[PDB]
Each structure stands twice: as C-alpha cells, then as structure tokens.
C-alpha cells in the first residue's frame, strides 16, 4: 500500500475512428477531443477516489497521453481489413463489426503504438449486435485469456507478429441512438475495469451485486442496468480485491506520474 506518486497514473492512447469523428465529433476535431477529454476525466474521478484496500490505498487514475483522430476511413486493398476501414467486418451489410473481431483488429493495427503506453482505447460509433457497448482484455474468466494495463505480448499466428493486450474499446451508439454521456462514462469505466483486472460482478455474491433498493449494481455488473442508482458509478468490493492484487506491480511496470490539471 501507500502508492508511488511517480507511478500512479496509467497514460492512455485514445483513438477516435472515423465513425466517432463524424457522428460524435460532428466532423470537428475540437468537439471530438473535448468529448473524450471530459469523459476520461470523469472516469478518472472514479478511479482516483477508489480505495482498492478500503484504507488509504487510492490515488490511482488515468490520463490521456495522446488522442489519435481518424477523420476518414482507412482505405484498404481487396481482402485486406483495418479497424478504421469503411465497411463492418465480417458482415459488411451490418452497421457494426463483430465486437470481438474489432477489438482484435484494433490491437493488431496499433500494436506499435500500444507497446509504448499503459493502455490504448478505441472510441467508435457503431451499433454492436444485441446491445453490446464495449469490450476489453483482462478481467476475463475464460481460460488462456490475458491482457490489461501494461503492454503484454501475444504472438498472432494469423497476424504473423506480436500484438499487445493492453487494449479495449467503447461505442457510444446503441439501438440506433447516441447513448447518454452518463451511460458512456459507465461503459468506459467498465472496460477499463477489465484492463485493471476486474471481472464481472456475480449475482451469487450479494455484497458485489446489491438489489436496486440497496444502491443497485456496481460498474462491473455484466448488464447495463441504468446508471441511475448510487452504486452504478462505483467499483464493488469484488472488483477492488481483484484489481488490488496486481495494481501495485503493474503500476511499477508501466504507470507514470500524474501530469497536473
């Protein structure tokens, strides 16, 4: 405990694809960057005020190091794909990519940039099937799965190179409409939660999945309940415990000193 102030911030590479630029940024850089800057700051407030050990072990947050703004779609040769290409993959007739394949593609395409930052996060605007809002590596119960804060290499047999699992993505479009900013905040918080090591809160542990009359669910709950209840913007005890196991070691590995605001 007692956090290193020279290593308490996970710097992010934030990427806005052409869809986000056009539909959230109104085709303007200022509008695009302002949205992301304010979102990450509000999310940072949640992380910073969180005591991972319920004591004084808090002060860990996130800050943007760079914001890449893709104003137009990535042109590709027949048979070639890129996370910022115009068409969705694998079904170009759908509004969005298969979310898992998009996250994989993003990681592949920005691997070089990702190797130099604590985390890389893609912000897009596409309607993933069945209400999916985001995805991220880390905090997954699945076998052989890994990822999260600090670049972790994975040799892609298909890609023929190393990609890094310190990535995640957020879409601000769901069911044909732009989601509320209060809902966007929760999605990114959730995904970065996986990056920090938390898994979904299980119903089987009432402490980590309270009823609506007890403050509601916490941010790592697998279902988007509302954002209206008091617990929604907080990390449960389960999340805190999981994130506390590796946060210090990870911090020493790739966290940096908070640049002031």
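We call the rigid core whatever largest set of C-alpha positions still superposes within 1.5 Å between the two forms. Residue numbers count along the first chain shown, from 1.
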query = Relative to the presented form, and with the rigid core used for superposition, do the C-alpha atoms of 248-256 or of 234-242 deviate more in 4 other deposited structures of this protein?
reply = 248-256
request  = Between 225-233 and 48-56, pick out the one whose C-alpha positions differ more from the shown form in 4 other deposited structures of this protein, using the rigid core for superposition.
outcome  = 225-233
message = Checking the other compared PDB entries, only those that cover the residues flanking it, does residue 146 lack coordinates in at least one third?
response = no
ask   = Of 249-257 and 14-22, which one has the bigger average CA B-factor?
value = 249-257
task = Compare the mean C-alpha B-factor of 112-120 with that of 77-85 as given in the PDB entry, and name the stretch with the higher value.
result = 77-85
Selection by C-alpha B-factor (highest) of 105, 188, 145, 162 = 145
key: Residue, from 229, 42, 68, 194, that the PDB entry assigns the highest Cα B-factor   = 229
query = By its CA B factor, does residue 158 count among the lowest, middle or highest third of the modelled residues in the chain?
reply = highest
ask   = Mind checking which third residue 51 falls in for C-alpha B-factor across the chain?
value = highest
query = Split the chain's modelled residues into thirds by Cα B-factor; is residue 36 in the lowest, middle or highest one?
reply = lowest
task = Going by the recorded CA B-factors, say which third of the chain residue 183 sits in, lowest, middle or highest.
result = lowest
inquiry  = Splitting the chain's C-alpha B-factors into thirds, which one does residue 141 fall into?
reply    = highest
